[PDB]
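Report on the following structure.
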Amino acid sequence: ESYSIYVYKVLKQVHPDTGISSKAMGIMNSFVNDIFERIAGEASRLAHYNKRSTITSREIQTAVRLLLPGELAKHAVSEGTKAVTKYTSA
Amino acid sequence: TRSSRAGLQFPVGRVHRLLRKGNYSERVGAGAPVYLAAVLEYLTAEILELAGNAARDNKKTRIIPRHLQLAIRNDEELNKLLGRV
Amino acid sequence: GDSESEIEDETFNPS
Ligand SMILES: [Cl-]
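Residue numbers (our numbering), protein chains in the order written: chain A, 62 to 151; chain B, 10 to 94; chain C, 122 to 136.
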């Protein structure tokens, strides 16, 4: 239904002793959904610009580099590429 | 499980389902939801890190909305990313 | 003075 439990699991890694209120968890869910929609929409247009019928990790990466500022873009690219490399190793 | 193979906590299967259901393209490559789930997880961590720091500076034991607001506004990059949400 | 905050906005409980 939402990302709350996964947000909580990430919270337990970054700040194990810190809780989160129900209202703040609602805001976090709003941020994740908004970022999801922004990247997927941009990857959709890029695949259209490239005359490709499929959204691949190439379009996700390009959307990420163009939508996020500065250091966030660099680290998000590092994290996405690491996940894909682990995933395809398996 | 897809998320475990990618080393992620975020649900790759659901991100895949949401990419397919949203009529973003005709097809979705297997790597696309992995990459995207990884980016969402990282962005979540960065927000919680700074909101968590604000709660601790506030001598508080949990993150509340005011801590998220503080974290976004006082971080140039998160403010650029989310300041319009 | 934190169960007062809990009344206003309850803590997210994963279980
Ligand atoms: Cl792919």
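Cβ coordinates follow ideal geometry from the N, Cα and C atoms, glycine included.
Cβ-Cβ distance between residue i and residue j below 8 Å
i, j, result
"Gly102(A)", "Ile121(A)", "no"
"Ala80(B)", "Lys147(A)", "no"
"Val75(A)", "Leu77(B)", "no"
"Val37(B)", "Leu28(B)", "yes"
"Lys73(A)", "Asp130(C)", "no"
"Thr149(A)", "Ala41(B)", "no"
"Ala134(A)", "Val125(A)", "yes"
Outcome for residue i when other beta-carbon atoms lying within 10 angstroms are tallied against a minimum of 16
i, result
"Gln18(B)", "buried"
"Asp123(C)", "exposed"
"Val94(B)", "exposed"
"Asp66(B)", "exposed"
"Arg26(B)", "exposed"
Chain-ordered neighbours of residue i on chain C, where CB pairs are closer than 7 Å
i, result
"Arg71(B)", "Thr132"
Chain B contact residues for residue i, given Cβ-Cβ distances below 8 Å
i, result
"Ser118(A)", "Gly38, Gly40, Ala41, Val43 and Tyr44"
Neighbouring residues, chain C, relative to residue i (Cβ below 8 Å)
i, result
"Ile66(A)", "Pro135"
Extent of the continuous alpha helix (DSSP H) run through residue i
i, result
"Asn32(B)", "No alpha helix (DSSP H) contains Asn32(B), which DSSP labels as neither H nor E."
"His76(A)", "That residue, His76(A), is in no alpha helix (DSSP H); it is neither H nor E in DSSP."
"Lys69(B)", "Where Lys69(B) is concerned, there is no enclosing alpha helix (DSSP H), given that its DSSP letter is neither H nor E."
"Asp95(A)", "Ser83 to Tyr110"
Contact list for residue i against chain B, beta-carbon separation under 9 Å
i, result
"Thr115(A)", "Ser34, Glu35, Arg36, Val37, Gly38 and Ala41"
Listed by chain order, chain C residues near residue i by CB distance under 9 Å
i, result
"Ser91(A)", "Those do not exist, as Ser91(A) stays about 14 Å from chain C at its closest Cβ, beyond 9 Å."
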